[PDB]
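So here's one chain in two forms, each on its own in C-alpha cells, numbered structure 1 and structure 2.
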Structure 1
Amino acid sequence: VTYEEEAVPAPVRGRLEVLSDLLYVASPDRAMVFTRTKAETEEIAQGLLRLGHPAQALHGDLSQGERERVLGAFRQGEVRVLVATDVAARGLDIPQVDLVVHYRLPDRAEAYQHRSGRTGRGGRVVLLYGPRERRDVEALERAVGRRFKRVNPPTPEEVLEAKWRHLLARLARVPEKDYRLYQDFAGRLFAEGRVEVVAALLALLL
C-alpha cells in the first residue's frame, strides 16, 4: 500500500456527478473507475463523456481489437478515464494509473486490492458510498485492516474552476480553420463590450 485511501459519500442517484466533479478537481492523467456489471461501464463511460471527460468503457464483450485501441488510446493520453469491471480489468496490459475510483464497492477484500493496486505509478484510491452502504465500507476496512480517510465531495467552486481550465484545454484543440469564420463575431462581442453575452455562452458549454 502506497496510496491515499478516501471514502467519499455519494448517493447512487447523483453518483455520476460526484464522480465527474472528482475527476475535474483531481485532474488525473489516468483514472480507472471500477463498477460491477459491464452494462454499467458503458452507462458511466457515456455519462462522463456527456460531462466532458474523455472516458471509455472496458468490458469482456470488446473484441481484442477494440480492447487494443481503448488500452492504446489510454497509454497515449487520448483517453483519460477507463470504466471497467474487475474481470475485464484482469491482465498485464493495463497501464498503472494515478487515481482508482470505486464507483461501486468491491464484493470482497481481494477485489479491493486487485482494483486498488493499479494506482501509484503511490497514487489515490477513492471509494464512493451510499447512505446504507456505510456498513459495507466499515467491513472492507476490517477485511483490509485499514481505515479509509473520510472526505467530503469537492465543492462547487473548486469544481467550477477546474471545469473552466478543462474547457480551455478543449477549446485549444479546435483547429484555427474551424474557428476563423467566427473570429469576427468574437471581435464584435469583444469591442462592442458585452460581458454578459460571453458569460452566457460559457454558461452553456460549461
Structure 2
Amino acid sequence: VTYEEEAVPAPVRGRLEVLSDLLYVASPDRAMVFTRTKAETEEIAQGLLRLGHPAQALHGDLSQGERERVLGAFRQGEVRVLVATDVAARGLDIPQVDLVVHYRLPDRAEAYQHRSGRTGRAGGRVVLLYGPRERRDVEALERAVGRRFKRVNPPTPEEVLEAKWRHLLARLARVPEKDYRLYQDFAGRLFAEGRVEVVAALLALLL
C-alpha cells in the first residue's frame, strides 16, 4: 500500500506512555488513534491530554454538534490527537491523518483497512501496539492482512527528550517580535543575573 506500517511492543501497563512517547517522537500534524471501546477512546484521550497531548475522543455518545466541534479543532490543529472507535470513526466528515495507531488490535482485515485507510495527504504511517502475549494475534492479523509488519522497538527516553527538545526549539522560533518584545526587558533581567539555572528551569517548564 501507499503507507508504512510498524508493530510496536508495549506491556498494557506502559501502553499509554508508549503511545505518548511515539507521538512526541514523530509528532505528526494529525494522529488518529483507534481503541476497542467508547470508554477507552475517552479513557485514552484523558491520559494523553495529561502528558501534554491535545487529544479528544470520538464516539457514539456524541451529539453531532460536539462531534463537528471535535472534528473542527482537529482539522484546525487545535486538537492533534483523535482517540476514536471504528463506528464513531465512520463517515465523510472524517478528515485524513498523518499517523494511525491501533492502540488495540483489529480482528478483521476490513477493520484494519478502514482505520488505516485514514492516513495519507501526500502516503502515511500506521503503528500497532501489542502486549507481550499478543504475538500470535499480530501473526494472525498479518495473515488476515496479507502483509507483514516490521518489529520496531519503542522510542528511547532520550529519543523523546530530544524530540520534545526540538519542538520546544521550533516553538520559540515561531514566537514573533510582537509577542516576545513585550518581554525583552525581563529577558535582560535574567541576562544581567546570568544564573544559568533560572533559564534551565524555565526551559524545564516548557519541555
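Only residues modelled in both forms are compared. Reference numbering: structure 1, starting with residue 1. Heads up, when I say rigid core I mean the largest set of C-alphas that superpose within 1.5 Å between the two forms.
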Problem - Domain reorientation between structures 1 and 2, expressed as the smaller rigid part's turn in degrees - result: 24
Exercise for the section: Taking the rigid core as fixed, quantify in angstrom how much the C-alpha of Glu42 shifts between structures 1 and 2. Expected result: 0.7
Completion exercise
Aligning on the rigid core, one finds that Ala169 shifts at its CA between structures 1 and 2, in Å, by 7.0
Problem - Distance the CA of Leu181 travels between structures 1 and 2 [rigid core superposed, Å] - result: 11.4
Practice task
Could you point out the stretches of 3 or more consecutive residues whose C-alpha atoms all move by 2 Å or more between structures 1 and 2 when the rigid core is superposed?
Solution key: 163 to 206
